[PDB]
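Below you will find one chain, with nothing else, as structure tokens; this is the form solved without this ligand, and questions on how it binds or moves follow later.
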């Protein structure tokens, strides 16, 4: 077979991640999105779903996507929506998140069991439209929703990411960037590890304390916001830079909850104790009492943030003030979560997650009275009772199950270490105490585990925990239980070594998109090789978002993708105008790219135009200096901006000139070239209009 090949968009249904329960092509032509296509909703709680579509498509395709009456696109809330006809004998769904999409050339009909499911339908629709919907510039092509029949719902109700800002703070705007991609893959839970040995990351005020509580809670963020993970206390490849300091103000935290809610994501706070608790002792003089450790130096009210304290924290398990303080922190987080949900337009019934994570990490024992276990059992007994009296379900890590009998009936273990199927404590929780499990086995879900053998990172769980390790497991089987006992899964972003959103995203992506599939897709509809093939498009969307990602060697679908840009919205400078974008992961430069641009005016013959490729940043793998990771060393190349220089002639025509612009790109690093054809109208030295169809839009 001698000749040439030209790149083509993938089949829309073949792209979908997570893979839906049921997804089939329907008869006839695609639905064409127009600037003024409106959307009808049966209920105001579906406007967040439409907002997610507008946030992308307003920029990428110039769509208003305004709310209207009797629109061709409809979102209907149906609390009885039944997708069980697509659930086989070997399958299991949590129906609250169910949606259906039925589309044809004239109409796009979405039914959603919940407001959350509306957002999931929106995310599916944006994957069907394609991987350029997050373009920061308006594209020349029009957007199409293909004719489909989709019925979908998740296997697991709990599909989460733990973020640790306690080791190293993340500003609100970075958290929003994480939320966008989590929502994109139908993750519904953001677990905030708010407190550690090395930091406390949310403002607690003195409003609404219990009668007689004179604790000055303002000092917690003031003192322990100002500490972070210390590079000097490491002897390894950790960056030379300490963790970022800071904390979310109450107003920032409320915004974080609201933004998460508006993207279908509930907040689950963790205030870890009785161990991993130094920030609480450092922050609040009042907690330095009873059997707390380490103690303040003679004359000081708080213990010093020094290397000797590392690994040696315990709250006072024997002191009333410990539970007073936890109760107040719980009430403050609850108040701010309620305010954030109110600010969102999402229902509290869906977005107020009635769970509190106590952690249950083991305390360091120094003083006498009580062994580690007795003190832990007292702590999780009392702190468990705090969560239950607040109408919530207690979560603890594995270490917490030394207190399995003392935490409330119905409590949850977040499993990360060893074999859950063979763990007597876990099986007692699930079988004897009506408990449930959240699966975060380190080897399948811990992002600091290095994603490749060429990378620098944590090695203990897999050597390298690749997309294969993140994809190829069954959480129900790993837990040795039944579907009904498994809430779901969480990835964990621990920040001992993380100093930037860029360096977090390197570890998070694309492994999070494998966890998303494990959370959502039926066991018997999983196919690692198929998921692997779908990463090429996932990556084009991440580059459009400006999100970093590990270019994993085991992924074989990395590709170059070309999009014609609407030059009507682009400035002509010295005859040069942006007409294309070329997204190819891994480019260390543009010298391996060959562009050809041909302009044919009505009345004229083909004229070669000079092409100026512009790539802001090049691709780099991790960088080390003095045996330590450089912050932001690993970063993705930009999308290439493809400029042409229009002839002086055409730009000096005071009469409108219409022409065809053909651009081709060949890459030395991707063997399938792209060919693009766009019509452009030019008047008074400006591009006035572009179109990629056979006929000029009016």
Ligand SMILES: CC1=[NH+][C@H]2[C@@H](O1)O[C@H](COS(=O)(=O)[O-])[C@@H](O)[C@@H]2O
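Residue numbers count along the first chain shown, from 1.
Form solved in complex with this ligand: not shown, discussed below.
- Contact with this ligand in the deposited bound form, judged by any heavy atom within 4.5 Å, is made by just one of 159, 276, 263, 511: 276.
- The contact with this ligand in the deposited bound form, taken as any heavy atom within 4.5 Å, belongs to 446 out of 531, 379, 446, 99.
- Residues placing heavy atoms within 4.5 Å of this ligand in the deposited bound form fall in a single listed stretch, namely 448 to 456, out of 595 to 603, 315 to 323, 421 to 429, 448 to 456.
- A residue is said to contact a partner when one of its heavy atoms sits within 4.5 Å of a partner heavy atom; residue 247 fails this definition for this ligand in the deposited bound form, lying far away.
- Although the partner is absent here, residue 496 sits close enough that one of its heavy atoms falls within 4.5 Å of this ligand in the deposited bound form.
- Using a 4.5 Å cutoff between non-hydrogen atoms, residue 460 counts as a contact of this ligand in the deposited bound form.
- Using a 4.5 Å cutoff between non-hydrogen atoms, residue 471 does not count as a contact of this ligand in the deposited bound form.
- Remark: none of the three candidate residues (537, 558 and 619) comes within 4.5 Å of this ligand in the deposited bound form, counting heavy atoms only.
- In the deposited bound form, just one residue of 156 to 175 lies within 4.5 Å of this ligand by at least one heavy atom: 167.
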